[PDB]
Amino acid sequence: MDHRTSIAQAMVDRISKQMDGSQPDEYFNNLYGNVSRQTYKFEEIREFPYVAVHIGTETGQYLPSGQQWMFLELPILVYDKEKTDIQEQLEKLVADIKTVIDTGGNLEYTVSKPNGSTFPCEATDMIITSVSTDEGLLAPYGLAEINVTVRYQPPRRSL
Amino acid sequence: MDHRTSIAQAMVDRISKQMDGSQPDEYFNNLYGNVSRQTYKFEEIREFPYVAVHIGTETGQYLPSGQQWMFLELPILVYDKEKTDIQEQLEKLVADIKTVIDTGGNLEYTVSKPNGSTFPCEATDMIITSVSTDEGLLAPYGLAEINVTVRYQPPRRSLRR
Amino acid sequence: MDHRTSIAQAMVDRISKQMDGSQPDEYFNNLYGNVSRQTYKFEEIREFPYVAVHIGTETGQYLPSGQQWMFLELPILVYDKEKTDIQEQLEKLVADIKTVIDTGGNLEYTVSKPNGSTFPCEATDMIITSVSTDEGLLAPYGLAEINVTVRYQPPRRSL
Amino acid sequence: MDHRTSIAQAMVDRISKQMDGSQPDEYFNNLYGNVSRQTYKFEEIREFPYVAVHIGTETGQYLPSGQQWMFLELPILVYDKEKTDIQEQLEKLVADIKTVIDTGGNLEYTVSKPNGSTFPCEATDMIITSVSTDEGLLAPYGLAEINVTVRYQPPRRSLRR
Amino acid sequence: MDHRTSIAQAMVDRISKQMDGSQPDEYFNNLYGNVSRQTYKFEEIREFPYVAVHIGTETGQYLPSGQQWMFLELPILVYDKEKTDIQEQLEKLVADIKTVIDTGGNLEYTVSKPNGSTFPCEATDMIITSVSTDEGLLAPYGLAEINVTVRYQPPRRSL
Amino acid sequence: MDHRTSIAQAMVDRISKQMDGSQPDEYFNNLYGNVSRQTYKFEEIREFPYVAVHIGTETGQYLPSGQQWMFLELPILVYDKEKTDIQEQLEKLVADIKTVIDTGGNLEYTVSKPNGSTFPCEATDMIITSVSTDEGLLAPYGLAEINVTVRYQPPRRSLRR
């Protein structure tokens with residue numbers, strides 16, 4: 001079950017394919033594509049407007065029919081330079097990412113069955129929690145903290 | 001969406017346009033114009049009676065009709081020199097800040113649609129929560145932390161995919 | 001609104017004129033007058049029995065008719081030498097200050113209108129919370145914390 | 001009003017009068033007389049079987065008849081020096097202090113009116129909270145914290161201005 | 001009242017009489033005798049299978065009939081020195097101690113009257129709450145925290 | 001009672017017997033044999049895809065019929081080296097552990113009676129609570145914490161003294 005890096009990769013792929021050089025209205029970042037999950041922390045990232053996805057703690061609760069609900073959290077960070085203005089561009093980026101999370105359907109989902117093929121599925125819901133922002137320190141750079149929760153039912157049932 | 005920084009910019013513009021060299025009754029600081037969000041912290045600020053607006057964490061919940069309720073927290077700080085007295089001038093400056101934050105209408109918006117023009121919008125309600133004051137240290141200067149919350153309805157960018 | 005240094009100065013003035021060299025009954029500290037708000041901390045204060053008023057966190061809540069009720073906090077400190085005994089004199093100090101808090105009316109108050117004159121007003125109610133003291137350290141001196149709350153409605157209404 | 005120092009003084013006087021070489025039954029410490037609130041901390045105190053009553057933070061609430069309920073906290077500390085066992089004698093002394101605080105009447109006062117005489121008053125009730133015990137370190141010495149709280153009705157110095 | 005070191009000594013005597021060289025099969029420890037309250041911390045204890053009793057914080061409640069209830073806590077520690085496996089022998093010891101606490105009756109008790117004789121009494125109930133285990137550090141030795149509560153009404157009533 | 005080490009040993013025995021070179025469908029990490037409670041921490045463990053079962057604090061309550069409810073916690077940690085990807089391999093291993101927790105039967109015991117034989121018993125239910133992983137530091141290595149709770153009814157060694 002779990003399928004956590006699957007969630008992360010699905011979100012990254014969705015964001016990349018919905019932001020890359022298309023639909024200039026309703027989306028304003030013009031990312032050639034930089035979003036990923038392998039490279040983060042701060043070191044590396046020599047390119048900017050770069051958005052990284054973290055993978056955090058998840059909590060599960062049991063239903064008495066084999067059903068599984070798994071509340072899982074993806075911390076999100078955004079780094080910006082003074083293209084125009086740090087606060088302005090940062091809010092532009094966070095509005096863009098929140099829009100791409102909310103306005104479009106549910107995530108395509110790319111589980112890997114043991115010694116088989118991928119059975120595409122979906123993720124139930126999205127809830128976006130508190131949104132934070134960097135402080136005055138580190139003036140030329142910027143940070144934007146996003147807390148989003150995902151809940152999915154893994155394609156299995158108990159005994 | 002979000003409109004955060006747009007909210008802060010509209011609020012600071014309202015402050016500047018409302019407490020500058022006009023209507024000296026019920027409002028007296030005669031700021032040539034100082035308040036902004038671009039420059040803050042403490043370094044710089046050669047001018048005083050300088051009130052600054054910061055950007056804080058949001059909080060959100062979903063209502064089952066496409067509308068989402070979000071609380072914006074704007075911790076705004078007050079800096080002032082000695083003059084006649086730190087306490088009296090500080091409190092009356094924050095009193096002016098609160099009377100302009102409450103008495104005069106609601107907010108305005110100058111939000112920008114993606115690669116388009118700015119369509120005005122509105123902020124639903126504003127509540128000013130706990131307000132603090134600094135201590136004796138740094139005597140000729142002084143801090144005055146006042147925390148405000150903004151309840152705004154973002155444009156419902158659902159049902160239109 | 002706010003109007004807090006006026007609250008502090010009103011409390012200081014009330015204590016001073018209600019405790020200075022008059023009514024030997026009820027009150028006895030014979031404070032010729034030391035109480036203030038400009039000078040505190042500990043450094044300076046060469047005179048004793050001195051009582052100082054602090055400035056604390058405020059709290060506000062809204063009523064849906066323009067009415068504003070503002071919870072306020074004034075920590076109070078008292079510093080004493082050995083006239084007879086630290087505990088005894090510090091304690092009848094805190095007793096006298098609590099009595100001047102409680103027994104006499106509401107505040108006579110000195111709010112200041114912008115570019116106008118003072119419209120004397122009233123403060124609704126006062127609640128005295130925990131009263132603390134110091135530790136055995138600093139034997140020749142003494143400290144005693146007082147936590148009071150000023151509950152007032154600012155003389156203004158919303159739109 | 002408050003009277004917390006007078007409460008401490010009356011309680012220590014009761015301890016001294018009720019432990020000193022009298023009532024050999026039901027009471028076993030034979031304090032010739034040691035207990036006080038004047039000298040405490042640890043430094044000094046060349047005598048032992050010593051018990052010291054600290055006077056601490058309080059709590060209060062308001063009732064709509066002029067009467068005020070005050071919760072006073074009196075941290076009580078005890079000390080011992082071997083002479084058979086730390087644990088047995090510490091238990092013995094804390095048991096004696098607990099039976100004094102419990103089974104013997106109510107609490108007397110010796111409060112002083114403004115520039116007048118002393119009119120006796122009483123404490124409404126006593127309640128004893130957790131009683132801690134120190135650890136092994138400082139082997140020949142020992143501590144056992146006793147947290148007691150009293151509820152007293154102070155003289156209702158309202159309605160008579 | 002209080003009667004705390006008497007609780008500790010009664011527990012120690014009970015464990016000694018129900019562990020030593022007799023009643024095997026009921027519980028497993030062939031402990032000749034090591035349990036005590038005078039010697040603890042870690043230093044001393046040259047021998048192993050040591051079990052120690054601590055004396056901890058108690059809480060009391062007052063009933064409006066002179067009745068007295070006292071919620072008292074006795075942390076318990078057990079030490080071991082292999083001869084097989086740390087986890088195996090440690091759970092062996094904790095099972096032994098939980099059995100000796102639970103299976104047999106209430107506590108026989110040896111409270112001491114003022115300048116008189118001992119009036120044996122009873123302890124109402126025992127509840128054993130969370131049981132802990134040490135960390136991998138200090139491999140040749142072992143630790144396991146035992147937390148129990150004893151309920152006793154002291155043989156006296158109020159006025 | 002307790003059974004903590006016995007529960008852990010039976011759990012890890014089920015892990016090793018179910019992971020090794022069999023049923024490649026639905027289950028693939030191919031632990032030849034490795035995981036146990038004897039060796040853990042980090043020092044040693046030259047072999048990876050290694051998962052450790054620790055023994056943690058428990059919780060208990062009493063019900064008025066002699067039966068004891070004991071809530072026991074097993075912190076489980078996952079270690080993995082880079083083969084194709086740290087994230088993919090760590091996720092798949094934790095998924096395999098979780099499906100061992102869920103889809104396979106109940107938990108067996110091998111508890112030994114005092115100076116007697118081993119009569120097997122069962123575990124009531126398994127609940128797997130929050131599970132977490134490490135961060136970027138120690139890049140070629142990885143950590144994945146698993147917190148699992150086991151509810152067991154210990155043999156009612158009451159009413160038969």
# chains A, B, ... in the order shown; residues from 1 in each chain; ligands from 1

call {"tool": "interface_residues", "arguments": {"of": "chain D", "to": "chain E", "cutoff": "12 Å", "atoms": "only C-alpha atoms", "output": "PyMOL selection string"}}
result
chain D and resi 23-29+82+84-106+125-137+139+144-148

call {"tool": "write_last_selection", "arguments": {"atoms": "C-alpha atoms", "output": "CSV table (one decimal), in the first residue's frame"}}
result
chain,number,residue,atom,x,y,z
D,23,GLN,CA,1.1,15.4,73.2
D,24,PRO,CA,3.6,12.5,73.0
D,25,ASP,CA,0.9,10.5,71.3
D,26,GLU,CA,-0.2,11.1,67.7
D,27,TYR,CA,2.8,13.4,67.2
D,28,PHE,CA,6.4,12.3,66.9
D,29,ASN,CA,9.0,14.9,66.0
D,82,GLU,CA,20.1,10.5,58.5
D,84,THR,CA,18.5,5.8,61.2
D,85,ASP,CA,16.9,6.4,57.8
D,86,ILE,CA,16.0,9.3,55.5
D,87,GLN,CA,12.9,7.6,54.2
D,88,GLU,CA,11.3,6.4,57.4
D,89,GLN,CA,11.9,9.7,59.3
D,90,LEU,CA,10.9,11.8,56.3
D,91,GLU,CA,7.6,9.9,56.1
D,92,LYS,CA,7.2,10.3,59.9
D,93,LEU,CA,7.7,14.1,59.7
D,94,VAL,CA,5.5,14.6,56.7
D,95,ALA,CA,2.8,12.5,58.3
D,96,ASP,CA,2.9,14.6,61.4
D,97,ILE,CA,2.7,17.8,59.4
D,98,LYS,CA,-0.2,16.4,57.5
D,99,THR,CA,-2.1,15.4,60.6
D,100,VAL,CA,-1.5,18.8,62.0
D,101,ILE,CA,-2.8,20.5,58.9
D,102,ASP,CA,-5.8,18.1,58.8
D,103,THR,CA,-7.2,17.0,62.1
D,104,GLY,CA,-6.7,20.1,64.2
D,105,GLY,CA,-9.5,22.6,64.0
D,106,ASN,CA,-9.5,25.5,61.5
D,125,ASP,CA,-10.9,25.4,54.3
D,126,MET,CA,-7.6,23.7,53.7
D,127,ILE,CA,-6.8,21.3,50.9
D,128,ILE,CA,-3.5,19.5,50.4
D,129,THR,CA,-2.2,18.7,46.9
D,130,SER,CA,0.7,16.6,45.7
D,131,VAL,CA,3.6,15.9,48.1
D,132,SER,CA,6.8,15.3,46.2
D,133,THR,CA,10.0,13.6,47.5
D,134,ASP,CA,13.6,14.4,46.6
D,135,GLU,CA,16.0,12.0,44.9
D,136,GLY,CA,19.1,10.2,46.1
D,137,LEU,CA,21.6,12.9,45.5
D,139,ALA,CA,22.6,11.4,50.5
D,144,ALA,CA,10.1,16.4,50.4
D,145,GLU,CA,8.0,19.2,48.7
D,146,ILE,CA,4.5,19.7,50.1
D,147,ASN,CA,2.1,21.8,48.1
D,148,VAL,CA,-0.8,22.9,50.2

call {"tool": "residues_around", "arguments": {"residues": "range 11-17 of chain F", "least_positions_apart": "4", "cutoff": "9 Å", "atoms": "only C-alpha atoms", "output": "PyMOL selection string"}}
result
chain F and resi 6-7+31-37+52-53+97+100+107-109

call {"tool": "atom_distance", "arguments": {"atom1": "CA of residue 147 in chain C", "atom2": "CA of residue 73 in chain C"}}
result
7.0 Å

call {"tool": "calpha_fit_and_write", "arguments": {"fixed": "chain A", "moving": "chain C", "output": "PDB file with C-alpha atoms, in the first residue's frame"}}
result
ATOM      1  CA  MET C   1      -0.604   0.528   0.174  1.00  0.00           C
ATOM      2  CA  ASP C   2       1.626   3.450   1.188  1.00  0.00           C
ATOM      3  CA  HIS C   3       2.547   4.211  -2.438  1.00  0.00           C
ATOM      4  CA  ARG C   4       3.718   7.714  -1.542  1.00  0.00           C
ATOM      5  CA  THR C   5       6.556   8.475  -3.962  1.00  0.00           C
ATOM      6  CA  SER C   6       3.988   7.714  -6.651  1.00  0.00           C
ATOM      7  CA  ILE C   7       1.785  10.446  -5.148  1.00  0.00           C
ATOM      8  CA  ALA C   8       4.714  12.872  -5.188  1.00  0.00           C
ATOM      9  CA  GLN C   9       5.749  12.018  -8.752  1.00  0.00           C
ATOM     10  CA  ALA C  10       2.133  12.262  -9.917  1.00  0.00           C
ATOM     11  CA  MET C  11       1.821  15.727  -8.375  1.00  0.00           C
ATOM     12  CA  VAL C  12       5.101  16.819  -9.984  1.00  0.00           C
ATOM     13  CA  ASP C  13       4.047  15.473 -13.391  1.00  0.00           C
ATOM     14  CA  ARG C  14       0.620  17.105 -13.115  1.00  0.00           C
ATOM     15  CA  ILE C  15       2.112  20.490 -12.217  1.00  0.00           C
ATOM     16  CA  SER C  16       4.713  20.229 -14.984  1.00  0.00           C
ATOM     17  CA  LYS C  17       2.308  19.411 -17.821  1.00  0.00           C
ATOM     18  CA  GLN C  18      -0.298  21.853 -16.516  1.00  0.00           C
ATOM     19  CA  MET C  19       2.129  24.787 -16.168  1.00  0.00           C
ATOM     20  CA  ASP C  20       4.672  24.404 -19.003  1.00  0.00           C
ATOM     21  CA  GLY C  21       4.574  26.954 -21.822  1.00  0.00           C
ATOM     22  CA  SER C  22       0.864  26.420 -22.482  1.00  0.00           C
ATOM     23  CA  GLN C  23      -2.409  28.218 -21.669  1.00  0.00           C
ATOM     24  CA  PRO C  24      -1.000  31.731 -21.068  1.00  0.00           C
ATOM     25  CA  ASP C  25      -4.337  32.556 -19.437  1.00  0.00           C
ATOM     26  CA  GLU C  26      -5.218  31.078 -16.017  1.00  0.00           C
ATOM     27  CA  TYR C  27      -1.582  30.056 -15.408  1.00  0.00           C
ATOM     28  CA  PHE C  28       1.498  32.138 -16.160  1.00  0.00           C
ATOM     29  CA  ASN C  29       4.862  31.032 -14.904  1.00  0.00           C
ATOM     30  CA  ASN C  30       6.258  29.759 -18.247  1.00  0.00           C
ATOM     31  CA  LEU C  31       8.187  27.144 -16.313  1.00  0.00           C
ATOM     32  CA  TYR C  32       9.900  25.193 -19.076  1.00  0.00           C
ATOM     33  CA  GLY C  33      10.106  22.619 -16.282  1.00  0.00           C
ATOM     34  CA  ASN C  34      12.029  22.475 -13.022  1.00  0.00           C
ATOM     35  CA  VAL C  35       9.633  20.795 -10.576  1.00  0.00           C
ATOM     36  CA  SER C  36      10.883  17.503  -9.128  1.00  0.00           C
ATOM     37  CA  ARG C  37      11.233  15.491  -5.925  1.00  0.00           C
ATOM     38  CA  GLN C  38      14.706  13.942  -6.232  1.00  0.00           C
ATOM     39  CA  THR C  39      16.556  17.266  -5.876  1.00  0.00           C
ATOM     40  CA  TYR C  40      15.697  19.616  -3.008  1.00  0.00           C
ATOM     41  CA  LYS C  41      17.136  21.147   0.230  1.00  0.00           C
ATOM     42  CA  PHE C  42      18.630  24.414  -1.109  1.00  0.00           C
ATOM     43  CA  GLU C  43      22.133  23.414  -2.193  1.00  0.00           C
ATOM     44  CA  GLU C  44      22.196  23.090  -5.964  1.00  0.00           C
ATOM     45  CA  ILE C  45      19.093  24.673  -7.538  1.00  0.00           C
ATOM     46  CA  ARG C  46      20.835  27.055  -9.921  1.00  0.00           C
ATOM     47  CA  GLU C  47      17.518  27.683 -11.694  1.00  0.00           C
ATOM     48  CA  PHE C  48      14.813  29.651  -9.996  1.00  0.00           C
ATOM     49  CA  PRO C  49      11.050  29.853  -9.896  1.00  0.00           C
ATOM     50  CA  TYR C  50      11.898  26.195  -8.984  1.00  0.00           C
ATOM     51  CA  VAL C  51       9.158  24.505  -6.965  1.00  0.00           C
ATOM     52  CA  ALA C  52       9.989  21.471  -4.837  1.00  0.00           C
ATOM     53  CA  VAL C  53       7.808  18.791  -3.259  1.00  0.00           C
ATOM     54  CA  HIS C  54       8.703  17.349   0.139  1.00  0.00           C
ATOM     55  CA  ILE C  55       7.703  14.137   1.911  1.00  0.00           C
ATOM     56  CA  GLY C  56       5.857  14.491   5.193  1.00  0.00           C
ATOM     57  CA  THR C  57       4.213  12.482   7.948  1.00  0.00           C
ATOM     58  CA  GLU C  58       1.285  10.278   6.951  1.00  0.00           C
ATOM     59  CA  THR C  59      -1.707   9.197   9.026  1.00  0.00           C
ATOM     60  CA  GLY C  60      -4.073   6.250   8.730  1.00  0.00           C
ATOM     61  CA  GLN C  61      -7.445   5.260  10.131  1.00  0.00           C
ATOM     62  CA  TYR C  62      -9.383   2.008   9.778  1.00  0.00           C
ATOM     63  CA  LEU C  63     -12.954   1.393   8.564  1.00  0.00           C
ATOM     64  CA  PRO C  64     -14.498  -1.995   9.477  1.00  0.00           C
ATOM     65  CA  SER C  65     -14.909  -3.223   5.901  1.00  0.00           C
ATOM     66  CA  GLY C  66     -11.274  -3.508   4.782  1.00  0.00           C
ATOM     67  CA  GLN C  67     -11.353   0.113   3.609  1.00  0.00           C
ATOM     68  CA  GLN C  68      -8.274   2.182   4.433  1.00  0.00           C
ATOM     69  CA  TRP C  69      -8.153   5.982   4.345  1.00  0.00           C
ATOM     70  CA  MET C  70      -4.653   7.438   4.529  1.00  0.00           C
ATOM     71  CA  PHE C  71      -4.057  11.039   5.562  1.00  0.00           C
ATOM     72  CA  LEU C  72      -0.887  12.312   3.896  1.00  0.00           C
ATOM     73  CA  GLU C  73       1.132  15.534   3.909  1.00  0.00           C
ATOM     74  CA  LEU C  74       3.303  17.084   1.188  1.00  0.00           C
ATOM     75  CA  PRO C  75       5.038  20.306   2.252  1.00  0.00           C
ATOM     76  CA  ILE C  76       5.754  22.457  -0.802  1.00  0.00           C
ATOM     77  CA  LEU C  77       8.453  25.119  -1.160  1.00  0.00           C
ATOM     78  CA  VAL C  78       9.051  27.790  -3.813  1.00  0.00           C
ATOM     79  CA  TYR C  79      12.301  29.700  -4.367  1.00  0.00           C
ATOM     80  CA  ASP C  80      12.429  32.979  -6.271  1.00  0.00           C
ATOM     81  CA  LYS C  81      14.916  35.664  -7.315  1.00  0.00           C
ATOM     82  CA  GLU C  82      14.026  39.347  -8.009  1.00  0.00           C
ATOM     83  CA  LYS C  83      12.377  39.458 -11.402  1.00  0.00           C
ATOM     84  CA  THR C  84      10.091  42.306 -10.315  1.00  0.00           C
ATOM     85  CA  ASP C  85       9.625  41.885  -6.553  1.00  0.00           C
ATOM     86  CA  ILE C  86       9.948  38.980  -4.117  1.00  0.00           C
ATOM     87  CA  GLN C  87       6.474  39.348  -2.620  1.00  0.00           C
ATOM     88  CA  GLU C  88       4.616  39.780  -5.919  1.00  0.00           C
ATOM     89  CA  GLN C  89       6.218  37.007  -7.958  1.00  0.00           C
ATOM     90  CA  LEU C  90       6.474  34.603  -5.015  1.00  0.00           C
ATOM     91  CA  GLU C  91       2.797  35.243  -4.377  1.00  0.00           C
ATOM     92  CA  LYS C  92       1.563  34.652  -7.892  1.00  0.00           C
ATOM     93  CA  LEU C  93       3.758  31.554  -7.854  1.00  0.00           C
ATOM     94  CA  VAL C  94       1.883  30.271  -4.793  1.00  0.00           C
ATOM     95  CA  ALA C  95      -1.389  31.358  -6.405  1.00  0.00           C
ATOM     96  CA  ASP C  96      -0.647  29.401  -9.592  1.00  0.00           C
ATOM     97  CA  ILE C  97       0.395  26.301  -7.661  1.00  0.00           C
ATOM     98  CA  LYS C  98      -2.755  26.488  -5.533  1.00  0.00           C
ATOM     99  CA  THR C  99      -4.854  26.834  -8.683  1.00  0.00           C
ATOM    100  CA  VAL C 100      -3.224  23.757 -10.203  1.00  0.00           C
ATOM    101  CA  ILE C 101      -3.938  22.009  -6.887  1.00  0.00           C
ATOM    102  CA  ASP C 102      -7.610  22.986  -6.895  1.00  0.00           C
ATOM    103  CA  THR C 103      -9.236  23.736 -10.242  1.00  0.00           C
ATOM    104  CA  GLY C 104      -8.253  20.609 -12.149  1.00  0.00           C
ATOM    105  CA  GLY C 105      -9.904  17.309 -11.284  1.00  0.00           C
ATOM    106  CA  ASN C 106      -8.304  14.596  -9.183  1.00  0.00           C
ATOM    107  CA  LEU C 107      -4.875  13.059  -9.680  1.00  0.00           C
ATOM    108  CA  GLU C 108      -3.942  11.022 -12.645  1.00  0.00           C
ATOM    109  CA  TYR C 109      -1.895   8.428 -10.862  1.00  0.00           C
ATOM    110  CA  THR C 110       0.819   5.893 -11.646  1.00  0.00           C
ATOM    111  CA  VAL C 111       0.727   3.158  -9.003  1.00  0.00           C
ATOM    112  CA  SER C 112       2.964   0.130  -9.633  1.00  0.00           C
ATOM    113  CA  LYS C 113       1.831  -3.439  -9.025  1.00  0.00           C
ATOM    114  CA  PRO C 114       4.509  -5.880  -7.802  1.00  0.00           C
ATOM    115  CA  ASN C 115       6.069  -7.701 -10.775  1.00  0.00           C
ATOM    116  CA  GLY C 116       3.331  -6.365 -13.032  1.00  0.00           C
ATOM    117  CA  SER C 117       2.147  -3.299 -14.937  1.00  0.00           C
ATOM    118  CA  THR C 118       0.874   0.108 -13.847  1.00  0.00           C
ATOM    119  CA  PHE C 119      -2.855   0.242 -13.090  1.00  0.00           C
ATOM    120  CA  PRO C 120      -3.667   3.982 -13.240  1.00  0.00           C
ATOM    121  CA  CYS C 121      -5.868   5.038 -10.340  1.00  0.00           C
ATOM    122  CA  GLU C 122      -7.310   8.072  -8.568  1.00  0.00           C
ATOM    123  CA  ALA C 123      -6.789  10.127  -5.408  1.00  0.00           C
ATOM    124  CA  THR C 124     -10.001  11.103  -3.649  1.00  0.00           C
ATOM    125  CA  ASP C 125      -9.550  14.635  -2.317  1.00  0.00           C
ATOM    126  CA  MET C 126      -6.959  17.283  -1.478  1.00  0.00           C
ATOM    127  CA  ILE C 127      -7.107  19.910   1.277  1.00  0.00           C
ATOM    128  CA  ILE C 128      -4.699  22.861   1.366  1.00  0.00           C
ATOM    129  CA  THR C 129      -3.840  24.072   4.869  1.00  0.00           C
ATOM    130  CA  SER C 130      -1.689  27.029   6.041  1.00  0.00           C
ATOM    131  CA  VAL C 131       0.479  28.898   3.513  1.00  0.00           C
ATOM    132  CA  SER C 132       3.539  30.560   5.046  1.00  0.00           C
ATOM    133  CA  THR C 133       6.428  32.713   3.839  1.00  0.00           C
ATOM    134  CA  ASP C 134       9.963  33.492   4.994  1.00  0.00           C
ATOM    135  CA  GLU C 135      11.478  36.345   7.027  1.00  0.00           C
ATOM    136  CA  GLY C 136      13.363  39.374   5.706  1.00  0.00           C
ATOM    137  CA  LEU C 137      16.634  37.452   5.925  1.00  0.00           C
ATOM    138  CA  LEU C 138      18.030  36.075   2.656  1.00  0.00           C
ATOM    139  CA  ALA C 139      16.944  39.111   0.659  1.00  0.00           C
ATOM    140  CA  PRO C 140      18.033  37.971  -2.853  1.00  0.00           C
ATOM    141  CA  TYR C 141      16.063  34.713  -2.475  1.00  0.00           C
ATOM    142  CA  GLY C 142      12.691  33.758  -1.039  1.00  0.00           C
ATOM    143  CA  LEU C 143      10.771  30.872   0.498  1.00  0.00           C
ATOM    144  CA  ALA C 144       7.073  30.108   0.937  1.00  0.00           C
ATOM    145  CA  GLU C 145       5.730  27.052   2.756  1.00  0.00           C
ATOM    146  CA  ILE C 146       2.730  25.156   1.385  1.00  0.00           C
ATOM    147  CA  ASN C 147       0.941  22.501   3.443  1.00  0.00           C
ATOM    148  CA  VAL C 148      -1.393  20.244   1.450  1.00  0.00           C
ATOM    149  CA  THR C 149      -3.017  16.926   2.291  1.00  0.00           C
ATOM    150  CA  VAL C 150      -3.593  13.991  -0.052  1.00  0.00           C
ATOM    151  CA  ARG C 151      -6.568  11.847   0.978  1.00  0.00           C
ATOM    152  CA  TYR C 152      -6.520   8.481  -0.801  1.00  0.00           C
ATOM    153  CA  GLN C 153      -7.709   4.882  -0.409  1.00  0.00           C
ATOM    154  CA  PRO C 154      -5.024   2.340  -1.376  1.00  0.00           C
ATOM    155  CA  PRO C 155      -6.254  -0.166  -3.974  1.00  0.00           C
ATOM    156  CA  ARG C 156      -6.481  -3.094  -1.551  1.00  0.00           C
ATOM    157  CA  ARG C 157      -8.683  -4.521   1.194  1.00  0.00           C
ATOM    158  CA  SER C 158      -8.001  -6.433   4.398  1.00  0.00           C
ATOM    159  CA  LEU C 159      -9.053  -9.972   5.313  1.00  0.00           C
TER     160      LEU C 159
END

call {"tool": "select_by_dssp", "arguments": {"residues": "chain F", "states": "alpha helix (DSSP H)", "output": "ChimeraX atom specification"}}
result
/F:4-19,86-102

call {"tool": "select_by_dssp", "arguments": {"residues": "range 60-138 of chain B", "states": "strand (DSSP E)", "output": "ChimeraX atom specification"}}
result
/B:60-62,68-79,125-131

call {"tool": "atom_distance", "arguments": {"atom1": "CA of residue 55 in chain F", "atom2": "CA of residue 123 in chain F"}}
result
16.2 Å
